[PDB]
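[1] heads up, no residue letters with this:
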Ligand SMILES: OC[C@H]1O[C@@H](O)[C@@H](O)[C@@H](O)[C@@H]1O
Ligand SMILES: OC[C@H]1O[C@@H](O)[C@@H](O)[C@@H](O)[C@@H]1O
Ligand SMILES: [Cl-]
Ligand SMILES: [Cl-]
Ligand code: NA
Ligand code: NA
């Protein structure tokens, strides 16, 4: 769930989730346009992942609690049987790791209303 | 913001926000397919409204705090000047009222992974 994703974010990286509340065209809620950079592409992918999670029975991305461990900076998704849990933990882990490895361009904070995301 | 939306939901209607968390193809996070009914239709519109809110400078639909009053069952958006605030309060108020007036089809809880949301 979302609380687990937040913790994964600071497990794998230096910046916490609040850092990605308003970034580029896709970090945070919804979004449109072309992801402006690597980080924004991370968010773009996560969004789609969550939206695909719905196609799984009894699976709501924001509230589904999965099993995972953090051995800072390593995240491990434990689920195998519970497909919804496993799929969503993967969405979140992938994003958390993507955020950590991607550069954070301060120039791209607050651009969603600009020509960039059109 | 989201906490305000949740309170508007119970201001305007009898059901609270949790009964919408997993309804149809669009209530709750993202979604796809055709909205199955009136209520789902409410959620579909609200999702898009939030999407558009992002096209506004310094506007994040989930954390943006606006001004509103509840005189159960009436919701009033007070903002005029703060365009982001006013827009978002409108999205939420519209959704809150829509939810209240729409029938709730228990048959449509948990269908997002079924042919229905295809
Ligand atoms: O995708 C992230 C976005 O999804 C929503 O459904 C919520 O949970 C929000 O808190 C969050 O900002
Ligand atoms: O990350 C936000 C996610 O929220 C949903 O409610 C819809 O807005 C989707 O279009 C969007 O991808
Ligand atoms: Cl397992
Ligand atoms: Cl005002
Ligand atoms: Na997004
Ligand atoms: Na939705």
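    Received it, and whenever you're ready, just let me know what you need. Residues are numbered from 1 along each chain as shown, chains lettered A, B, ... in the order given. Ligands and ions are numbered 1, 2, ... in the order given.
[2] how about the helices in chain A?
    Secondary structure of chain A (DSSP state H): helices located at A:2-12, A:38-53, A:83-101.
[3] if I pick the residue of chain A found nearest ligand 2, what's in contact with it?
    For chain A and ligand 2, the shortest gap (C-beta to the nearest ligand atom) falls at residue A:30, measuring 3.7 Å. Using the backbone N, CA and C atoms, a C-beta is placed for each residue, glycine as well. Counting by C-beta atoms under 8 Å, 6 or more residues apart in numbering or on different chains, residue A:30 touches A:47, B:47, B:50, B:51, B:54, B:61.
[4] quick one: the residue nearest to the fourth one when sequence neighbours are not counted and residue A:48, what's the gap?
    When the adjacent residues along the chain are set aside, residue B:51 lies closest to residue A:30, with 4.3 Å between them (C-beta to C-beta, 6 or more residues apart in numbering or on different chains). From residue A:30 over to residue A:48 the distance is 12 Å, taken as C-beta to C-beta, to the nearest Å.
[5] please apply the same query to residue A:14.
    Residue A:14 is 25 Å from residue A:48, by C-beta to C-beta.
[6] same check on residue A:33?
    Distance, residue A:33 to residue A:48, using C-beta to C-beta: 15 Å.
[7] check residue A:102 too.
    17 Å.
[8] re earlier: among the contacts of residue A:30, which one has the most neighbours?
    In terms of neighbour count, residue B:61 stands highest of the contacts of residue A:30 at 25 neighbours, by other C-beta atoms under 10 Å in any protein chain shown.
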